[PDB]
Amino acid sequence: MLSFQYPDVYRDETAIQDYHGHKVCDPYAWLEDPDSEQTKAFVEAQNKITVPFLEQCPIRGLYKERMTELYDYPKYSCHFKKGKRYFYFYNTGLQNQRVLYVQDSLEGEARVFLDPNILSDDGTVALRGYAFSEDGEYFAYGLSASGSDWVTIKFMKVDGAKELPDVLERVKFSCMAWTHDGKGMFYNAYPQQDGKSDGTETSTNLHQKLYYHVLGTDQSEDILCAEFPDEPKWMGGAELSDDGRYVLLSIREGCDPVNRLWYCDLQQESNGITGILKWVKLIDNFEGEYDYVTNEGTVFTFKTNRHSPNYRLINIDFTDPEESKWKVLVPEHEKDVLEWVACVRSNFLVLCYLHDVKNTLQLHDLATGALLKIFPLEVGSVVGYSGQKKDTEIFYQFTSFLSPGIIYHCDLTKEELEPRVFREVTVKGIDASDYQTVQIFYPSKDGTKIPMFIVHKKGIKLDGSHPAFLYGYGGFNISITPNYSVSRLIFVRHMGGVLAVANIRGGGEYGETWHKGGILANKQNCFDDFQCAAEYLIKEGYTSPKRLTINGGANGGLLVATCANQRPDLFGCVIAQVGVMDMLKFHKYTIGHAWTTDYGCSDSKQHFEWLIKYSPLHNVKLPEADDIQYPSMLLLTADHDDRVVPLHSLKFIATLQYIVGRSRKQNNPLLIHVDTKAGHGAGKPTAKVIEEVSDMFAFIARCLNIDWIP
């Protein structure tokens, strides 16, 4: 089965670093230079054994063909209104990128407004962020090449879809907010740096600045509106209040749901925007989140987590700003997380709640906060929404494990609010009635009850004979809610598989206390929760260890790699996508420094003591028992992943192959694939998505010897 040889990789035994008295060896530190011939040669040699391995079986061809078949369905974003026109994104099915469409009315003929597919031969130029002017006559949009986080902002006149000269460079992790006078737009950019800025470099991103761009001018003329040279990790995003009177500045440092909130009354500017604005520091600490919902004069509605881990709505009067004077509009729920809030039709609020990892959507009165209407949904997620203050209607998109989904429309001018199906798609060949979704709660090591979704064919015998695909993330206050995945459904239908998603701690499923439960010193809880999910699926007879595949991306890549090190006996197969593997060095590269609010930083002795215990790169260890080897492992990354620098995976696979792959008891493959012209994942063209999922389940099929079920 292993009809190849692992490439010889040079070990730099001199690369020894002292971490607070602990000596750490990093023999593959030279892989940190992406541009070197050594690194390029290493990548080439690895791809040379992985690709033939993945493609040897006709099962990949059968999966890709079926994936291409079943993924070929119409995909719509919500309709949204800007000015006198409606806009929406649409994919016929297999287009590399969705296309932005425009129509002059809800019943009128639609035409192409922005087609990103024509900007690249392989669909690797993607839209990343956009902002319409207040009156909807002008358009700003970000473009990213080859999956990099770097953005170029370009501009369009909407009427006639006319290209404008304005180009903004060095844009990354940026806001986009037009002042309501249409004169220009707020955005973020980074100062010039040495070396490259295309997404292949590893250079840390610091000193992000807020600029204002006056339309019709050169970027060189752009106004500097906020900077934090004493605080190089600070990031300030700007937005305009609904009335267009205030610029609100949300300043973040790290990834915790917290921000400073400064404001600038634009009326109070002496001569318009000409320099650093007269910021009024309403909230000048990082002790809570303050997310603008709406305002009425000086009374501002914010979604907050201040003393409310499940989130709530407060009113802050700018003329009476003390916390003691704040009014609680919609108090915190006992258990339900308030996911997001939008203001529509002047005085309505749309609240989205997460109840036991499922969405409910509600309409509330702005003045009192009182519940008015529940929008009836099935069990699943709200993944799209449209409806701002001046709008008199809402669009919202629903999805779930077995349903491609539905877009609903509701006219809010009507006395009795009737929401109707505006758009619906059904994937032919996938009979949703053949399958069921159950939610269970399994006890973790410490007795905590963890939610897990299980999707399987109806009527299966729980005798532990089915192959299983267990997914997890666990971090950064992210909630892994039900979603439609054709790729995972083919695994169920055509590979006889059971699919599982565990809502482990670190996520935001049960608020900030759930987040805190799997970060910093408590990070090990994530791995404990995920391992317990695996054991539950085994004990209940959904699967066996030799038939179980675990999967996660980025922070979830860290998850499955750590679980591989800690419990190799528990899994047959592990797929780690774009994973953070070097927990000691992660903070040094690109935006990695922002993740220390979840992980900690090896600069501190306390944090280093946490990190060394689970860091995938530093815990590759031959299993003590003779009957136990490492699971089959496939790492997936790409050369323009500047979110999680690919060196993470490169050093990890080298370590796996040397320490474990060399041993004679190891027959399970340990492989990496490094893609070109792709990045972390956002904006990845359909074609590449199909290639990836085909590789993944071809890896599973080969390593577990799974027959295709046509």
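All residue numbers refer to positions in the sequence shown, first residue = 1.
Averaged over their C-alpha atoms, the temperature factors of 617 to 625 and 594 to 602 are higher for 617 to 625. Stretch comparison (413 to 421 versus 553 to 561) by mean CA B-factor in the PDB entry places 413 to 421 on top. Out of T426, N503, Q577, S203, it is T426 whose C-alpha atom has the highest B-factor in the PDB entry. Across the options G237, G147, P376, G507, the residue with the most elevated CA B-factor in the record is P376. When the modelled residues of the chain are ordered by their C-alpha B factor, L54 lands in the highest third. Sort the chain's modelled residues by C-alpha temperature factor and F571 lands in the lowest third, per the entry.
Annotation for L611: C-alpha temperature factor in the middle third relative to the rest of the modelled chain, per the entry.
Compared with the other modelled residues of the chain, the Cα B-factor recorded for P229 ranks in the lowest third. In this PDB entry, the Cα temperature factor of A432 sits in the top third of its chain's modelled residues, the highest group.
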